[PDB]
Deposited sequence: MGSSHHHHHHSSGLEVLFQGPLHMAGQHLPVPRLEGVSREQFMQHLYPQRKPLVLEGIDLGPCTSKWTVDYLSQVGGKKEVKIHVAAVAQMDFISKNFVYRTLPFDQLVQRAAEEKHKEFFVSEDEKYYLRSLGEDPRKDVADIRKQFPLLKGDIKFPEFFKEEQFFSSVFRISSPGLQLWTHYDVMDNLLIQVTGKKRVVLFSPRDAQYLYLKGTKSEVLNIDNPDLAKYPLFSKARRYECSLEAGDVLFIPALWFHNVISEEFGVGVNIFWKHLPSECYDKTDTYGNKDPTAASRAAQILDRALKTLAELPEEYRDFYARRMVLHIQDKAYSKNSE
């Protein structure tokens, strides 16, 4: 239960030249985000944001179904056991902003919530060219989000309400039972070691974003976010690598850099060759392979 460092009065420069390079999670207390942290009450937020349709999600596994609703009702229901309901009386809601055409364009609080945007100052921790996306994350009290990872550097700004989040090192990948970018273990707290023995060797870092706190999540770091109370956050993705290194298709910040994806493909070719020797020689030379990859491309 390692804790992630909290730090006050950290500077633009201090961050970029001395903290950022450490490549480790870190929360930043007392940054100036503007008025937003002060005036984004459920009652204000509904008014300002508007009634544009936002794609909704309704401990989550598919035990959730997607819906849609007017932004203003999304928030108001997020706060509320909601009276009117898509599925249940004790429904829980969850927003994750997306562009107009989700497969074409990234989310961006500027373009999509202009009026609300003017209320928040994103930390100037990266260069304006490196920007990737800005995302509203509004969830209801208690919601539990599977443990995923993102390929962009991330700033998770907690604007309103509390929120627990626990993180894992990229190197605790093996113990994570990775189905793509998500991990199989839903309940982080008391995990059925029965079903997944390895999840226990994973060193977890924990921390709790209080309204106004900023959590930095380096590229590749694993993280579970549980909304202690109701609240709205925004996180900001940005390109750590030269812009050419990433996936063009990717408007979520989830697809590996092409390089990873390319070498992962030729890897499947090497295996298609190997596969034609009797299992026993195939086994042998596969292990001889991972031996190689470890000596040379590890740390």
Parts of the chain sequence, as deposited, that carry no C-alpha coordinates in this structure: 1-27, 86-89, 93-95, 115, 335-338
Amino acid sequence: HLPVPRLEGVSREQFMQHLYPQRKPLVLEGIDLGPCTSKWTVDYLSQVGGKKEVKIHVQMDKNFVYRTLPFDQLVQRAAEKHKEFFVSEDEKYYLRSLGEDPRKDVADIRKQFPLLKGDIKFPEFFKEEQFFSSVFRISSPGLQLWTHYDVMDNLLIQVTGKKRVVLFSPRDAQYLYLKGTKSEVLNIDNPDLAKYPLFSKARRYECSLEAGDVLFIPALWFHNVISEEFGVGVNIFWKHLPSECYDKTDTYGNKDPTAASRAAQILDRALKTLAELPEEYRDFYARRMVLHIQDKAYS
From here on, numbers count along this sequence of modelled residues.
31-39 or 244-252, whichever carries the higher mean Cα B-factor: 244-252
Higher-B stretch (mean Cα B-factor, as the entry records it), 264-272 or 66-74: 66-74
Residue with maximal Cα B-factor (values as given in the PDB entry) among 191, 212, 118, 123: 191
Most elevated Cα B-factor in the entry, residues 79, 219, 207, 225: 79
CA B-factor ranking of residue 177, expressed as a third of its chain: highest
Residue 26, C-alpha B-factor rank within chain (lowest, middle or highest third): lowest
B-factor third for the C-alpha atom of residue 137 within its chain: lowest
Third of the chain's Cα B-factor distribution that residue 231 belongs to, per the entry: middle
Where the record places residue 199 (Cα B-factor, split into thirds across the chain): highest
